[PDB]
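A.B. asks: no FASTA, just this:
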RNA sequence: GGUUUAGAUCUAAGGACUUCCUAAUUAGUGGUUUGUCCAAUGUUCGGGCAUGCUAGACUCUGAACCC
Ligand SMILES: [K+]
Ligand SMILES: [K+]
Ligand SMILES: [K+]
Ligand SMILES: [K+]
C-alpha cells in the first residue's frame, strides 16, 4: 500500500527534449527525502546517520550529473518516435508497445543510476524486475514497498554504509531505514517521473482494466485534439470565466474516445494559481460536504421515487434496472403467453440503441422530465432520506465482519444548476486549459447525469409508446437504458413501433436511433432464430438465455491441498473484483449484484471440480473454509463501500453474497454447520 | 563412512546512545567520560518468507542431510 499507479495516469503535457532533465530537485533536497521522508532538516537526525550523509550525497549527485548530460532527445527519436502517418484502425494501436516503454524506462534508468546506486549487479536485476512490475500495475493497482525490497540485499549498499560491512544491530536498523527511503525515492521521484515525462497513460475503457496504455505525448496530443475539435463543434461552447466544473478526460474506444468529464473540486482560479495551500484546502473540503449532505440526498430522493414510478406507472414499467431483469421479464412473458395458447405463436423482435445518449440529452426536455415526477406533489415540501457515511465512519467496532432531509423546492434548483452550469476544461494548443459549456446533453461523469438519462427515457417511453400497452399480453419492451428491445406476436404492432423509431418524433427528447445497429428477427422458420441482446442470447422461438459464458475466464485450477487452493482464488478474486465494477455511479445497484455473483460463481464451481481430485489425498477441514468465506465476503463489501464512499445498499449486497454461496455448496452433504454460519452475518 | 551447520561462553576488533573540543555550507570531519547497548527488524492464518547476522577458541551443549 505504498507505491500507487494513479499518480502517473492522465498526465498530459507537450514536451521539449532538447534541454530536459527528469530530476527537478537538488542533492540536498533529495537527501532529506531519503533520510527523513516525514520531515525535512535532516540535521535533526542522530549523529550516526550524518556519518553516512557523504555517501548518500555522493551517489545522488552522480545520477543528477548523468541526468543533466542525459541526451533525452536522442533517446526519444531512437526508440519511441518512429511514428508514421498511417491512420491506424483503433486508438489503442497508437499506444507505445509495452515491451518498448519498459525498454525506454530501463535504459534511461540504466544510464541514470551507476551500479553503486543499484547496489551491485545482482541487485540491479532485482530492482529492474520491480520497475517492470510497476509498469504492469493497473490503474488502481498499488504496490507494497516491502515487496519491492524483498530480494534486495542491503549489505551490498556500501555507499549507504560508512564504507565497511554492517557492524552492529543499530547499524542495521538505520541502514534499512535509509534503504527504504532511497528505494521509495527511486520509484516515486524517478520511475514515475520517467513514464510521466514520455507517456500519457490512460485506462483503456474496454475490459481488463488492469491494462494501461502508454501514448506518446506527441501522438496523444494529435489524437485528442483531432477528436476534441469534432466533438467541440456539436457539443461545446467557448464560455467566459467549483461544484459545476470538471476536467475533460477522453478514454480510448474502438477507434473512438468516450468523453468523460471528472468533476473538479478547486474553484475557477484556485486551479490555475495552485501555489496556495490555504485556499485549496478550504475548497476541497467544501466539495466533500457538498456531496454527502446536498448532492447525495437529491440523488437518493430521485431514485427512491422512480422505484415507485417504475412499479405503479405502466409507462416506467418498460424501464429496467439491471441486465438480468431483462432475461426474467422475457422469460415471464414467455410463460405468460403459454397460459391459453400453450403453443407459442410466431414472434417478431427488434433491437435498437441511442447514439451518445448522455451527449444528446435534450436539456429542455430534461427539466420538464424532472418536473414531471414532482408535478403531482406540492412545491414547498421536504423529502427525507437516511445517512450512510463512509467505511471509516464505522468505528463502533473495528474490523467489520438516522435521517436527513432536503426540500424538493431546492432539489429542483440543484438539478437545473447541474444541467446549465456544467462546464469542462479542455487543454488548448498553448497548454493552458479553456472553459467549455455544453450545447446539448450532459457530461458523462457528473453524479446527477447518471439518473438524468434514466428518468428522461422512462418519461420518454411513457409519453411515446402508449400504443404498445393496449393488450400488453401481446407485446412488451424493456429499456436497459442505452439499448432497446421489443417482442411482439403480430405484425400489426411491430409496424407501428418501427415507424416511430425511424421518425424524428423520438429525437425531440434528444435520442437519436442508431440504425446501424438495429437488428430485426422473426421466427418464420428460415429468417433467423439466434439473436444477441445486451448480455442475452435470446432465441426467437424458445426464449432460452445463456449470457456470455466468456466475460470472465477460467481460473485454470491446478493447485494442491490444503490452503494453496484458497490462496490462488483469493488473490484472483479481488483482481476480478475491480473497483470500476463496484462503481455505484457508473453502474446500477442491481447490476453490481449480477457481476459480483459472476466473479463469485466462477471461483466456487472451480472448487468443486478439483475438490474430488485431492479429496483422496487430503480431507478438507470444515473450519478453514469458513475463514476463507469470511475474508472473501468481507473484502467484497469493504471494497464496494470504500470505492463509492457511501454505504448505499451494503446490507443489500450482503444478503446476495451469502445467498449465492449457500446454493454453491449443495455438494458435500451435511455442510450444515458452515451454511448456518452464513446466516448470522450482519455486522 | 561422507557433507553441512547452530546456540551458549571466553578473548580480540569494530559499531550504537549520552556531555565537552572540530578555520567543515552542493559541508557533516577528528579525538573522546562518570552509566548504558551490539542482535534482530519487518512480514504472514508459535512455524514460513525477505533483509541482516566481525573474528578466533581442544571452553560447553548440540543439530540436519546422504551413504
Ligand atoms: K558502521
Ligand atoms: K560450528
Ligand atoms: K557456530
Ligand atoms: K556462535
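C.D. replies: Thanks, I have the structure now. Residues are numbered from 1 along each chain as shown, chains lettered A, B, ... in the order given. Ligands and ions are numbered 1, 2, ... in the order given.
A.B. asks: doesn't residue A:184 make contact with residue A:145?
C.D. replies: Yes - with contact defined as Cβ atoms under 8 Å, residue A:145 counts as touching residue A:184 (5.9 Å). For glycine as for every other residue, the C-beta is placed from the backbone atoms N, C-alpha and C.
A.B. asks: Helix or strand next in line after the host helix or strand of residue A:102, which one?
C.D. replies: Element membership of residue A:102, judged by DSSP states H and E, is helix A:98-112. Sequence order places helix A:115-118 as the next helix or strand after helix A:98-112, per DSSP H and E.
A.B. asks: and that following helix, anywhere near RNA strand B?
C.D. replies: No - Helix A:115-118 stays clear of RNA strand B (Cβ under 7 Å from any atom of the strand), getting no nearer than 13.9 Å.
A.B. asks: Which of the three states applies to the closest residue to ligand 1 within the stretch 251-400 of chain A?
C.D. replies: Nearest to ligand 1, among the residues of the stretch 251-400 of chain A, is residue A:277, at 39.4 Å (Cβ to the ion). Under the three-state scheme (DSSP: H, G, I helix; E, B strand; the rest coil), residue A:277 adopts coil.
A.B. asks: any idea how far it lies from residue A:327?
C.D. replies: Shown here: residue A:277 relative to residue A:327, a distance of 53 Å by Cβ to Cβ, to the nearest Å.
A.B. asks: Compare those two and say which one has the larger neighbour count.
C.D. replies: Taking residue A:277 and residue A:327 together and counting by other Cβ atoms under 10 Å, residue A:327 has the greater number of neighbours (21 against 7).
A.B. asks: quick one: secondary structure of the more buried one?
C.D. replies: From three-state DSSP, the assignment for residue A:327 is helix.
A.B. asks: give the contact list for it.
C.D. replies: Counting by Cβ atoms under 8 Å, 6 or more residues apart in numbering, residue A:327 touches A:536, A:545, A:547.
A.B. asks: what ranges do the helices span in the stretch 1-150 of chain A?
C.D. replies: Secondary structure of the stretch 1-150 of chain A (DSSP state H, counting those that start in this stretch): helices at A:27-35, A:47-50, A:53-69, A:72-79, A:98-112, A:115-118, A:121-136, A:145-149.
A.B. asks: meant to ask about the stretch 451-600 of chain A
C.D. replies: Under DSSP H, counting those that start in this stretch, the stretch 451-600 of chain A gives helices at A:491-501, A:564-574, A:589-611.
A.B. asks: Was I right to think residue A:246 contacts residue A:263?
C.D. replies: Yes - when contacts are counted by Cβ under 8 Å, residue A:246 is listed as touching residue A:263 (4.1 Å).
A.B. asks: which residues are common contacts for the two?
C.D. replies: A:445-446.
A.B. asks: Count the residues that sit near residue A:55.
C.D. replies: Residues near residue A:55, counting by other Cβ under 10 Å: 18.
A.B. asks: List the single closest residue to it in space, sequence neighbours excluded.
C.D. replies: Nearest residue to residue A:55, sequence neighbours excluded (Cβ to Cβ, 6 or more residues apart in numbering): residue A:159, at 3.9 Å.
A.B. asks: can you pull the contacts of the one you found?
C.D. replies: A:55-56, A:58-59, A:116-117.
A.B. asks: Name only those of those that count as buried.
C.D. replies: Using 16 or more other Cβ atoms under 10 Å as the burial test, these include A:55-56, A:59, A:116-117 as buried.
A.B. asks: okay, those residues in JSON lines with distance to residue A:516 next?
C.D. replies: As requested, the buried ones among the contacts of residue A:159 are exported to JSON lines (distance: Cβ to Cβ, whole Å):
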{"residue": "A:55", "distance to residue A:516": "66"}
{"residue": "A:56", "distance to residue A:516": "63"}
{"residue": "A:59", "distance to residue A:516": "61"}
{"residue": "A:116", "distance to residue A:516": "61"}
{"residue": "A:117", "distance to residue A:516": "57"}
